[PDB]
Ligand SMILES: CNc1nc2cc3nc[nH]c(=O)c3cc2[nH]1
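Next up is one chain by itself, shown in structure tokens, the form solved without the ligand.
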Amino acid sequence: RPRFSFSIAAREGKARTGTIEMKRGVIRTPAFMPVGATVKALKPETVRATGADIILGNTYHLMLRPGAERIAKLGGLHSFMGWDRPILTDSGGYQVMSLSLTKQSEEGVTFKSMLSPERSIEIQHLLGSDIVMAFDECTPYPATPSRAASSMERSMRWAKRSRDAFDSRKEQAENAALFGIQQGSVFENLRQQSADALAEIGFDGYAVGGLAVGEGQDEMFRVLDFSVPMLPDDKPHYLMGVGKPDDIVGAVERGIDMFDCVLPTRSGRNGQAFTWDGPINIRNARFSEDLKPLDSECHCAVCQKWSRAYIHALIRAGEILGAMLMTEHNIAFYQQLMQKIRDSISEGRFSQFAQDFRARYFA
């Protein structure tokens, strides 16, 4: 396989389906990347069995414990966790702000639990990342135009530093890919300047950053409407941190190819199970004697084998197996959503799928 080749097989409106080929495997797009030293409560073989082609590696957590240098000495993240397919690593930038006494500078971020663009790229190399994210400065929402422009402009300077660090490391440049991140908050002219700056630098894929920040779906969709067409059409478009199932459908209708979020895993452990008729909270007493699977059509192993009543009891008792089964199902449901999206685009009926999906999911 090549280092990186994105091929679009079918289109319907702004939606696309196709494949990214990389050394460690093929990624079917639109793709959902489960977030994980683990994808919580799941063995890697189980993540793969649900249909995931690629996972997202949480860099901020790993650079602290067990540390990037240690993981490198132990053979890299793939060997460490036992996942031999592609891994996309975030840059550490967002969580360094959300989770750390930070001091921001043009050089980078200094924090207590210095992360620069150069160090972020090096850490992702040490982890053995297949898709490396440029290191950027997250923009809070809401943001004033001046603050959004300043942060975006710094992020574009850091995008150039990220590109150069990546390219200067021969083994990384020859075996991994690098994505740039569009910033600019909700302002169309800043999104355009960022898209232009990233395209001048040149990346293997382009992320739409700064939209998983509590602005609401109407505003997110409005911003995607003008922001995705600014990105190069022949490269993957990655919406970072999104999202709920209807968000994903709407984002694909607007040209997005790649997705990640913690919602299926986190809310799974919290007792929320996704179904084609909308989410349910399995903790509710009305499931205590319900012998049906979590979802009536889901093909996952959990829905083949256990009832709502059993999982309700496990989650009520705080059982680890409750978290395992809820997470497997939710992750499988997301992958089955992506498969239905990919198939419907391939067959030129994605518009009808989106309408049918929403009618039933919000009924």
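Residue positions are given as counts along the sequence shown, with the first one as 1.
Beyond what is shown, the protein has a form solved in complex with the ligand; the following relates to that form.
The ligand in the deposited complex comes within 4.5 Å of a heavy atom belonging to residue 94. Contact check for residue 176: no non-hydrogen atom falls within 4.5 Å of the ligand in the deposited complex. The ligand is not shown here, but in the deposited complex it comes within 4.5 Å of a heavy atom of residue 209. Contact between residue 245 and the ligand in the deposited complex is not found at the 4.5 Å heavy atom cutoff. For the residues 249, 228, 165, 138, the 4.5 Å heavy atom test against the ligand in the deposited complex is passed only by 138.
Exactly one of the stretches 236-244, 275-283, 289-297, 249-257 approaches the ligand in the deposited complex with heavy atoms within 4.5 Å, and it is 236-244. Along 166-181, a single residue, 181, places a heavy atom within 4.5 Å of the ligand in the deposited complex.
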